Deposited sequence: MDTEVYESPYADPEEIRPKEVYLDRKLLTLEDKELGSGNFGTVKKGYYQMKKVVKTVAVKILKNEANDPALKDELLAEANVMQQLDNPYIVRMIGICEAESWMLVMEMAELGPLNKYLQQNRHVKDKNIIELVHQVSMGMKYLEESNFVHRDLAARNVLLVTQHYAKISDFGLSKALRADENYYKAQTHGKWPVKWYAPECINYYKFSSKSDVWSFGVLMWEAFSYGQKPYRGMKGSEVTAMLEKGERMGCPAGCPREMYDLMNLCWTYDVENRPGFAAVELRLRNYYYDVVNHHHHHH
């Protein structure tokens, strides 16, 4: 738990949604640290579960949680990623080099490799949820739909089909409500497309049911302009319909590791 007196909140609103709003601030530590504060019974239980997941995670490519504070509203204090979301940054900076995209995409795969090792499912892996510390440093955020996998289960089964980002979801998520690390691999493939399309929305002008109908026909999104063939090959590899033949984050990270080092050297 954190002290409200040490936490200094600013009027500058970073984000806004159904939960409430995300505002910029700075918490007084043992040197002051710039923070992004998520400001809010259903929403309160969600924020507490989101905090418990973030507390269990320790990786340089995962957004770090400072702690929780209860005052004017329930607050989730997390580290500030100055450059903001990946999709919005690329939308405002179309001149970003292809090598720089591979670098940031590989950083997400390293962070996702950790989540696979820690046996955690993200369930909301999109370009909007990838935050930039700098132009060459990316971190994974929004653990609101994230779940800690059971010791005996390799997947998370959801009872109800609530507010879900359909366009980033694997076929087993839509059809059987099953969420594994390989389901996040499919989401990573969509994330890759968004990154190489410079923050463009996937399956534009299409409805959730139309996306499902497209994927059943074996149809996948086209290669973005300027995106290398090897990176688009990995996208389709992530977009394998059957969960069994779809690669894990260890294989996806390695393919990205070897290709990024091939571009630089």
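Residues of the deposited sequence lacking C-alpha coordinates fall in the stretches 1-21, 52, 63-68, 294-299, numbered from 1.
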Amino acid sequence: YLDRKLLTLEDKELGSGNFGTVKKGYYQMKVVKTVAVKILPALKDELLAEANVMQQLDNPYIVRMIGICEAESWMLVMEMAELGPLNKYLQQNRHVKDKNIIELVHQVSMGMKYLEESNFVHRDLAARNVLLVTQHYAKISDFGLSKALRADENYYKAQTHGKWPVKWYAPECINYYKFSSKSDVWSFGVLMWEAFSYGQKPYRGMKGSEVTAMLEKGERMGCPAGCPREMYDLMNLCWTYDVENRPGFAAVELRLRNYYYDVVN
From here on, numbers count along this sequence of modelled residues.
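In all of the other compared structures of this protein with flanking residues present, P165 is modelled, so it falls below the one-third mark for missing coordinates.
In this crystal structure, the stretch out of 195-203 and 49-57 whose C-alpha atoms carry the higher mean B factor is 49-57.
The deposited model assigns a higher average Cα B-factor to 7-15 than to the other stretch when 7-15 and 247-255 are compared. Going by the entry's values, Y156 shows the largest Cα B-factor out of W168, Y114, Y156, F143. Compared with the other modelled residues of the chain, the Cα B-factor recorded for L90 ranks in the middle third. Residue-level temperature factors show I174 in the middle third of its chain, judged at the C-alpha atom. Among the modelled residues of the chain, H161 sits in the highest third by CA temperature factor in this PDB entry. The PDB entry assigns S118 a C-alpha temperature factor belonging to the middle third of its chain's modelled residues. For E72, the recorded CA temperature factor ranks within the highest third of the chain's modelled residues.
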